[PDB]
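experimental structure and its sequence below.
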Amino acid sequence: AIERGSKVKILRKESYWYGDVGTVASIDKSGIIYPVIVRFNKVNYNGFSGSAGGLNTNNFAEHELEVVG
């Protein structure tokens, strides 16, 4: 299903938020492998090069997210 603003348990092995749950923000109808951008209260600020800081939203495919509600 993957609704908007629903609780989705991230199932990405190599991921800073694997095993946690992010708030779905919006899906992308482009065709990439991770068009669904999820939300995460967590933030990043440890060695992030010289371009912006903290991600806040990660990328995940439909089958990569486990919408539980």
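Cool, got the structure. Residues are numbered from 1 along each chain as shown.

straight-line length of stretch 2-13, end to end?
End-to-end distance for stretch 2-13: 19 Å, by C-alpha to C-alpha, to the nearest Å.

residues making contact with it?
Stretch 2-13 has contacts (C-beta atoms under 8 Å, 6 or more residues apart in numbering) with 17-27, 36, 38, 58, 60, 62, 64-69. Quick note: C-beta positions are derived from backbone N, CA and C, even for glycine.

again with stretch 34-48
Applying C-beta under 8 Å, 6+ apart, the contact partners of stretch 34-48 are 2, 8, 10, 16-17, 20, 22-29, 53-62, 64-65.

among those residues, which lie within strands?
Assigned to strands by DSSP state E, the following of the contacts of stretch 34-48 qualify: 8, 10, 22-26, 57-60, 65.

as TSV, those residues with distance to residue 48 and neighbour count would be great.
Converted to TSV, the ones in strands among the contacts of stretch 34-48 look like this (distance: C-beta to C-beta, whole Å; neighbours: other C-beta atoms under 10 Å):
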residue	distance to residue 48	neighbour count
8	24	24
10	20	20
22	19	22
23	22	14
24	24	20
25	20	14
26	23	13
57	14	14
58	14	20
59	16	16
60	20	23
65	24	24
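
now the two most distant members of those residues.
Spatial extent of those (C-beta to C-beta) is set by the pair 10 and 26 at 16.1 Å.
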